[PDB]
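> Supplied in C-alpha cells, the structure appears directly below.
Please treat every number below as a calculation from the coordinates, not as lab data. Here the Cβ positions follow ideal geometry from the backbone for every residue, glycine too, while neighbour counts run over all protein chains shown.
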Amino acid sequence: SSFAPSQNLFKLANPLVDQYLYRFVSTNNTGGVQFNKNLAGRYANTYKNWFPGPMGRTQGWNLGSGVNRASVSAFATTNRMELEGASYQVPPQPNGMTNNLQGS
Amino acid sequence: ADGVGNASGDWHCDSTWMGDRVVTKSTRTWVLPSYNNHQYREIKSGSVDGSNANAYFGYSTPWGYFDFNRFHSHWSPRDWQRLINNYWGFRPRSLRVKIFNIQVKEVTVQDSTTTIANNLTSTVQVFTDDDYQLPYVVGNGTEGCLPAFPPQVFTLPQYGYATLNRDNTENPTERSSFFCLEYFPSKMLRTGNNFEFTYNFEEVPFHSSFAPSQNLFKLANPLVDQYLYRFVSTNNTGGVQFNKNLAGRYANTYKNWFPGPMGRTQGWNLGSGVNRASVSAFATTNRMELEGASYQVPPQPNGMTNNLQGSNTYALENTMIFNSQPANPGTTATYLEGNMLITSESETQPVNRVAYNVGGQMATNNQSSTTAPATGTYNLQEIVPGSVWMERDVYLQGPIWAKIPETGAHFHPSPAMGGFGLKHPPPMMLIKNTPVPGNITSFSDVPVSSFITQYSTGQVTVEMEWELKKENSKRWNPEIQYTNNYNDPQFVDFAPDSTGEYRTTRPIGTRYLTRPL
Amino acid sequence: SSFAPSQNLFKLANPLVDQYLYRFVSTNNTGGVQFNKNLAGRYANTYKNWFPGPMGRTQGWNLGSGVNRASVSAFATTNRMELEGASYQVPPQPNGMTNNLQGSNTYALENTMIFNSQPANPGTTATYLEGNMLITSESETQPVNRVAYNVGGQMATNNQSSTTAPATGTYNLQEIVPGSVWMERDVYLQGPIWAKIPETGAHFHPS
Amino acid sequence: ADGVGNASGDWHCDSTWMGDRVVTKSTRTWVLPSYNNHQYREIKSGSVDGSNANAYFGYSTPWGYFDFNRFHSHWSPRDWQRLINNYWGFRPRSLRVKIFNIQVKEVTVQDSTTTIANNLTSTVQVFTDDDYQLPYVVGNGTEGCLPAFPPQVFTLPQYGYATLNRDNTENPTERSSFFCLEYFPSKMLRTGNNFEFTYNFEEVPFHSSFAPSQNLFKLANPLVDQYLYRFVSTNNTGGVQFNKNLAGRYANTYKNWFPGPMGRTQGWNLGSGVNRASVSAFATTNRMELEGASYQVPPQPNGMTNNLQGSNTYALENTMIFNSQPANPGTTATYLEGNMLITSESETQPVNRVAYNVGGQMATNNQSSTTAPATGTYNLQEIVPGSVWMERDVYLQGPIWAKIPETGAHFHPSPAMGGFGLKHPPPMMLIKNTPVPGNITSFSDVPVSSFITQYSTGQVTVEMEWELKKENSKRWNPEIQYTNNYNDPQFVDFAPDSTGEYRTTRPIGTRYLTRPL
Amino acid sequence: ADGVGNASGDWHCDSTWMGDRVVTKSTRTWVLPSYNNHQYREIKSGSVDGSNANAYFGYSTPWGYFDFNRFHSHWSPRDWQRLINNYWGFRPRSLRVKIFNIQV
C-alpha cells in the first residue's frame, strides 16, 4: 500500500458533533464519582474503536544540527533479543512504528 | 404521478420474524438546516483544556448526513428482548434506505414577524458515497442518529472532518487534504421526487450473544486426576520433587488455553463504595501516544471485564457510559451515578480478565544455591498463541458497526466500542439544501453571498435484514431472561412521560442465554 | 510439523557476502553520529526480517548433577494468571519457548510436560524424584524459540541528551509481534492428540 | 413528468480518466439579473485616460451569457496535476451543455419591505448562436466564467459589443451595425423545462505540454567536428582565411533551424530587483496602430520568453498577470507583486528568445580597403523560413480557446493569450428573462415601459471530452513534477479559508515533462 | 542454429505500462569466478568483536547465484517515479529469467 494516511487514527470522529458517551472526570469531597460528556473536537477524551500498532522503544539520535552526546560506544545500549544463550541486535525493528517524527 | 399533491412514500415501521431471518423497518421525520450559509469553512483548534491532543485542523461543510448506526434506531425494546432471550447470535445481511416526501420551507424576517412559506420549486441534493472516498465519520460514536422512539423528529448533523495538523498545533501540513462534496455526482430532488439506495453487508461473524457456562481454567473433569505431574518443591539437597495433579484442583492443573489480552485500568467503587476524595482523575488515566501527543482511550481493547459480578468496583475507563436522556450540545455539567447508564461486562468474567487487577506473575531472576526464586506481577499482557476472549457486548443504545481503517495491516478487526468491523460499511448518505440567491441587480465576479434562508424536511425509511443463530441447548434448568421488573414503579420504562419525554432507565445488552465452553 | 530447524533464525544471511545496509556504531567527540557497514558473517549486527516467537520467563531448575537450592516450597514463585479474583498456575506455558537449552541440565519444569513412567493410584500424594519421571525436552526448537528461563532482550528506557547517557533494561515477557515465527509444542507418544477450541467470540492461533 | 415539483436535472460534477480520453463534468448554480430593464441601450465613449483608443461605439443588451472558457471551470487542481505531470498534450474533442432547474423570482418593494416570491408562470429565453452571426465576445479574456470552485454561485455577464466608431470618437459610421438578439429563434423555458446542446470541436493540434530538453543551437554532436568551414579572418593582404568547425563549439557551428520571431519589450525586476523610481510606464510600452490610434498589446505575439530561468527580470508586457482573488467591477486600486500571480515562460527558453534583450545583429555596411566591417543590433524580427518556437503555455486560470477573426487571411492562428484558435468555436449561449408588464389600464401606442422586476436562477452542467497524448520517454533520471510544497503553511492552498473564501496562491502551467528536440 | 557463431539471446531492457499491468525487462552482463578452486570448504567462526552471536558453523561452495531482489534491478528512476506518484499499490504477478551468450 503506497499512500499516506490523510487522517489521524484518534481524530477519526466528527469535530462538529458531540459524542453520546460520557467519561469519568473526577470524584467529589465524598468518594462519589462524577461524569462529563464528550464534546465535539476534544480528541484527547473521546472513545476509540481502533488502536495503534505494536511498539518497542529504541534510542533516538539527532541528525544534522542535533547536539546528541559525545563519545558513545552505542553497542551496549542497543535493543536486543536472545536466542540459544546469545544476544543479537535487530537493526530493523518489527513493523508498527515510525523512526522519524515529521520534520524533527 | 410525480408532483406536489402526490405522496412519494408511505410509513413503514415494523418487524417481521421469519425463521432465521428478521427484517426491521423504521421510518422517521427529519429536518435539515442550511449549514454555514452555504459555505465551506476551515475549522481548527489549538491545545485546549491543557492537552495538545485536542488540537486539530479540518473543514466543516454545508452538508448533513443520515446516521443509522445505533441499534435502537432499528429495534423496539420488545423486539430486542425477543432477540436476546431466544438467540445465540445475529449479523446484518442487507440494508435499503429511502428518502421521500421532501418539503422545502423558505423563512423570511421583516421587523420580527418571521413568516415561513414553502418553496415548491426548490431542490435538495442527495448522494451516497459508494467508493469510500470521503472521510468516514459515522462509526465513531457521535450524536445525530435516527431517534429511538418513532414519533420523534430529529435534525441531521453537519458534516465535517479533521485532516492532518502540524506539530500538534492548529496549522495544516502539506498532506492536509480538502474534499469538496460538490465534486461528487448527486441527485437533485424537488417535492415529488424521492431517493432509494440498496446495500449488501459483507460476510462477518455472528455477534455471539451468550454467556460462558464454564470457567476457562476449570474445563477439566473434577472426578479424574491428570496423568501429568508438577514441580512441587526441592529437598534439603537441591534435588527436585514432583506431585501428581489431582482431580478438581484447578490451581495446579495443566491448561490448553489462556485468557485474552489485558491492560490495567483503575477501578472505582459505585454506590456505597468509599473511593477517594477530590481526585482530578485526568492525569492517572490510561493513555497512548501518537505524533507526540497523549490520548485517553476511554474504551480499552477487547479481552477484559470492567466489573466483577456483584461487586461495586468498576473500571469506568473500560466501560461504555450512556446518559438516560439526551443532552444539549456543549454541556459542561457534572453528572452523578444516578443520571448515568453504566454497562457491565461481568457476564464475560469466566473467560476475560478483570481490568482493575494484575494479570499474573512471572519469574524475575535465575535462582542458585545462594539466591531464592523471585517473581513479579505484570500490569499488561497482549495477544498470546492459544488465547480466547469475548468481544465487547452490544447494547440497544450502542453502535452497530465501525469501518476498519484503510492502512497496510490490522489485527482482529473488532471495534472497541462494539459491533461489527466492516471494510466496506454502509456508505455515508449526505444531503444539503441547494442555494437560492437573493436579489442581485448587478454583475460582479465575486461569488454570490446573499441567499434565501430556507430549510427542508421529509421522511426516511431504513430496512435492514438480519441473520439469526438458533439457540440449541441441552441445559435442563431455566435460564436468565431479560424481564421487565420494577418495584413500585412511578412510570413505565421505555415509554413517554407525562410531559411526552421518552424515558429509558437502564441499558440492555445481548448476553443472557448461557453456553458451555 | 515434525522436523527440527537446520538453521538459526538470526543466522539466515549468507556468511560470505556483506550486507548493503549500515548500522549506527557510535558518535564522535561532537555529538555527530557514525556508521559502519555490516560485514559477512557477523550475525549480532545484521538486519533481520523475522523475529522469535512470544515469551514469558519461568524459573529454571537444574536436573541431575545441578546444584539448585535447598528446601524451596516453589508454589509462591510459579508463574500465574488471574481469573475472577483467583490466581491459577499454568503448568504448560503458551507456545513459542523452549524449556531446555540443548545439553544443559537446566529445565523450566513449568514449561515442561512431565509424565510418570508407570500409572498411579487415584489421589496419590506421594513425592517423586527425577528418576520416576519422564521429563520432555523442547530443545530441538531452540534455533527458532527463546529459552524460557532467560530474559528475552532489552529496549531503551530513556531519551538521551548531552547530559544523560543512553540506558536500556531487560524485559521478562514479550507477546506476538508482526513477523514472528515459532514452533508449536511437540507431540509425544504418551501425550494428547487434540483439544477443543473454547466457544467464545474470539481466539488467536488456536494451538 | 414535466412540472413544478419534478426536478429537470441532476448534479454531475466528476472526471473520468479512460485510456487516452478524459471527460470532465462540472455543474454550477447561476443567477441572471434583468439587465437594462428590458432595454437595448446604445453605449459609447470618447477618449478617456488620455487615449483615443479607449473611444468606442456599441450596444448593451438585456441578455446574458454562459462562459465556459477558463480551464478551472472544467478541471480540479488535482486533476490538472494528474494531467500535466503524466502527459505530453491534450486537445478538446467534444462538448455538451445543459440548463435545468429554472426558478424565476419576482421581487417587490413596498415601504422598504422588499419581499421576494417565485413566479411559476414566468419564462426564460435561451438560444445558442450556431452560425456565428453575432459578435463573439467570449475568447477575449473577460470575467463571468463558471467559478473555479463548485460551491460558488455566479451571476451571468451582460452581453454587449462594440461596433465601428468614426474618427476615433464616440460617433458611429455607416457600417456600424445593430444586432437584435430577439430576431433569433430561441427556446422559452418555464420551471419544468430544460435546455440541452451538443458540440464537436474541429480538428486542432495538441497543446504541447513539455519542455525542450535541448538547446536549439546545441543540437550538434559535441564529440565530432563538422565537415564545414567558417571565414575566420583575413591576412595582411586582403586574402581571406578559414578554420574548421570543431566539436562542441556551438557559437561557430552551422545551423539548420532558427528561433521564433521577436520584438523587444522592457524588462522589470521583481522581488529584490532595484528597477527605477517613479516611472509612469504608459508612454514607453510597446504599441501598434489601427485607424490612427495607438493600442498597447499586453500579451505579445508568440515566440518569446518573458523570464530567463531564475532571474528576477520579467517583461511584464509579455506576461499573463492574474489576481490571487476576484475583484469588484471597476476597481482602480494599485496592486503589488504579492497580490499578483505572475506567470513565467522560462521553460521555453532553449527554443525561444528573451523579450527584454536584442535578438542579434547584422551587417550595416559594405567593407573596403578603406572602411572596416560594421554591424548593428535589431530589436525586432519576424517569421523566417526554418523558424521553430513554442506557443504560449496554458494555465489552470487561463482561457481555453479563441475564435479566429473572419477576414480574408491569417497566419498561424494561435491565440496570444493561450489555448486553441478555432474557426468555429463553441457557440455563445445567450439567456434573458422574458418581460412581464406591470398594470396597464389603457391603450397607448408607445411601448410598455413598466415591468415586474424579477430575476432567475438555475443550474448549468458542462461536459467536455479531451484527447490525451501519452508520454513516451527513455529519460533515465526522474523529472520535474508539479508538487504541493509549502514551508510552514498557515492554510492549505486551493481550499476554502476560515471565512469560506477559496484561496489560490500560485499559477499552474502545463510544462513539466521534458522532451528532446 | 546452436553454435559458437550464433547469438543465443538479445538485449531486452524496457518497461511497458498497459492498464493495470506493467512489465519490466532488464538485461545485465555478469562474470563468474571459479570459487574455492572447485572445493567445498567448511567455514566457521568463534566469538568476534566481543559477541558470541558472531560465532557460526557452515560451508562455502564453488557455486554462485543470481540475485534479483532489489527494486532498482527491475526499475528505472523515471519508472519508479511514474509508479509512486500515480498508484496506490503494486504486487508482482510473474517472473521469467534467461541466461545466454555464455563465454568461458
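> Let me check against my output: what whole-number percent is the relative contact order of the range D:2-517, with C-alpha pairs under 8 Å and at least 6 apart?
Relative contact order, the range D:2-517: 27 percent.
> Please order B:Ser498, B:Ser414, D:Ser94 by the number of other Cβ within 10 Å, starting at the fewest.
Arranged by neighbour count, lowest to highest, B:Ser498, B:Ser414, D:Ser94 become B:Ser498, D:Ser94, B:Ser414.
> Rounded to the nearest whole Å³, what is the per residue volume of the convex hull around the Cα atoms of the range B:2-517?
Per-residue hull volume (Cα only) is 238 Å³.
> While we're looking at this one, here's another question. Quick one: which residues, 5 or more positions from C:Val25 or on another chain, have an amide H under 5 Å from its amide H? H modelled 1.01 Å from N in the peptide plane, none for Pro or chain starts.
Correct list: C:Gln34, C:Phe35, C:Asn36.
> Residue by residue, what Karplus-based ³J(HN,Hα) values in Hz, rounded to whole numbers, does the range B:137-144 have, using 6.51, -1.76 and 1.60 with θ = phi - 60° and x for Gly and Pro?
In residue order, the calculated couplings are 9, 7, x, 9, x, 10, 6, x Hz.
> A further question follows. Output wanted: per-residue J couplings in Hz (rounded whole) for the range C:63-79, from phi through Karplus 6.51 cos²θ - 1.76 cosθ + 1.60, θ = phi - 60°, x for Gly and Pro.
Whole-Hz 3J(HN,Hα) from phi for the range C:63-79: 7, x, 6, x, 7, 6, 8, 8, 6, 8, 7, 6, 7, 6, 9, 6, 6.
> Hey, got a sec? Which chymotrypsin sites (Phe, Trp or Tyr not before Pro) in the range C:118-207 land in a DSSP loop and have at most 16 other Cβ atoms within 10 Å?
Those satisfying the criteria are C:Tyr188, C:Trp194.
> Just flag the trypsin sites (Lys or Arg not before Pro) in the range D:432-499 sitting in loop per DSSP whose Cβ has no more than 11 other Cβ atoms within 10 Å.
Of the trypsin sites (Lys or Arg not before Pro), the ones in loops of the range D:432-499 whose Cβ has at most 11 other Cβ atoms within 10 Å are D:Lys474.
> Report the rotationally averaged projected area of the range B:75-134 based on its alpha-carbon convex hull, in square nanometres.
9.2
> Let me ask another. Before anything else, pin down the relative contact order of the range E:1-66: Cα pairs under 8 Å, at least 6 apart, normalised by residue count, whole percent.
Reported as a whole number, the value is 23 percent.
> Compute the separation of the alpha-carbon centres of the range D:97-167 and the range D:489-504 and state it in Å as a whole number.
First find each Cα centre; the distance between them is then 29 Å.
> What whole-number distance in Å separates the alpha-carbon centres of the range D:265-281 and the range B:381-407?
Answer, in whole Å: 68.
> Hey, what do the phi angles of the range E:54-62 turn into as Karplus ³J(HN,Hα) couplings, whole Hz, using 6.51/-1.76/1.60 and θ = phi - 60°, x for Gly and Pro?
Working through the residues one at a time gives 7, 6, 7, 9, x, 9, 10, 10, x Hz.
> Around C:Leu21, what is the net charge, scoring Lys/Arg as +1 and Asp/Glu as -1 over all other residues with Cβ under 15 Å from its Cβ?
That works out to +3.
> Can you sort B:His74, E:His74 by how many other beta carbons sit within 10 Å, fewest first?
The most exposed by this proxy come first: E:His74, B:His74.
> Add +1 for every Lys or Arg and -1 for every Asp or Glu among the other residues with Cβ under 14 Å from the Cβ of D:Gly310, and state the total.
Around D:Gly310, the charge tally is -2.
> Sticking with this one: Give me Rg/Rg_expected for the range E:1-60, where Rg uses Cα atoms only and Rg_expected = 2.2 N^0.38 Å with N residues.
Taking N as the residue count of the range E:1-60, the ratio is 2.13.
> Quick one: dipole size for the range B:330-439, taken about the Cα centre, charges +1 on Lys/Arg Cβ and -1 on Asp/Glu Cβ, in debye to the nearest 20.
My answer is approximately 320 debye.
> Select from B:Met188, C:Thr106, D:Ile99 the residue farthest towards the positive end of the dipole of the protein assembly as shown; place +1 on Cβ of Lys and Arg, -1 on Cβ of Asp and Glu, and compute about the Cα centre.
Of B:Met188, C:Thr106, D:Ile99, it is C:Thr106.
> Would you work out the relative contact order for chain C, in percent, from Cα pairs under 8 angstrom that are 6 or more residues apart?
23
> Further question: Once you average over the residues of D:105-115, how many Cβ atoms of partner chains fall within 10 Å of each Cβ?
Partner Cβ neighbours, averaged per residue: 2.
> Under the rule of at least 5 residues apart or a separate chain, name every residue whose amide H is placed under 5 Å from the amide H of B:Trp401.
For B:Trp401, the qualifying residues are B:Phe420.
> Give me the Å³ per residue figure for the convex hull around the C-alpha atoms of chain C.
Dividing the Cα hull volume of chain C by its residues yields 233 Å³.
> I'd like the antiparallel share, as a percent to the nearest 5, of DSSP beta bridges with both residues in chain B.
90
> Now for a different question. Whole number please: convex hull volume per residue of the Cα set in chain A, in Å³?
Cα convex hull per residue, to the nearest whole number: 270 Å³.
> Let me ask you something else. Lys/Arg Cβ at +1, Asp/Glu Cβ at -1, dipole of chain D taken about the Cα centre: which of D:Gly260, D:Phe231, D:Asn365 is farthest positive-ward?
Of D:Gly260, D:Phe231, D:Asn365, it is D:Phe231.
> Amide H to amide H, which residues 5 or more places from C:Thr168 or on other chains are under 5 Å from it, using H placed in the peptide plane?
Here the answer is C:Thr157, since their amide H atoms fall under 5 Å of that of C:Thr168.
> Could you sort out which of D:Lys98/D:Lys432; B:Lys187/D:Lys105; A:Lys37/B:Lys469; D:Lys423/D:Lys469 sit more than 25 Å apart by Cα distance in this structure?
Beyond 25 Å between Cα atoms: A:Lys37/B:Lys469.
> Identify, among B:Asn323, D:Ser26, C:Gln174, the residue whose Cα sits farthest towards the positive end of the charge dipole of the protein assembly as shown, taking +1 on the Cβ of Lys and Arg and -1 on the Cβ of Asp and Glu, with the dipole about the Cα centre.
Of the candidates, C:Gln174 comes out farthest on the positive side.
> Name the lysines eligible as straight-distance cross-link partners of D:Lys218: C-alpha to C-alpha under 18 Å, and not fewer than 8 places from it in the same chain.
D:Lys244, D:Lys255
> Now for a separate question. Report the net charge of residues surrounding D:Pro185, where surrounding means a beta-carbon distance below 13 angstrom and charges are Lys +1, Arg +1, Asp -1, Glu -1.
-3
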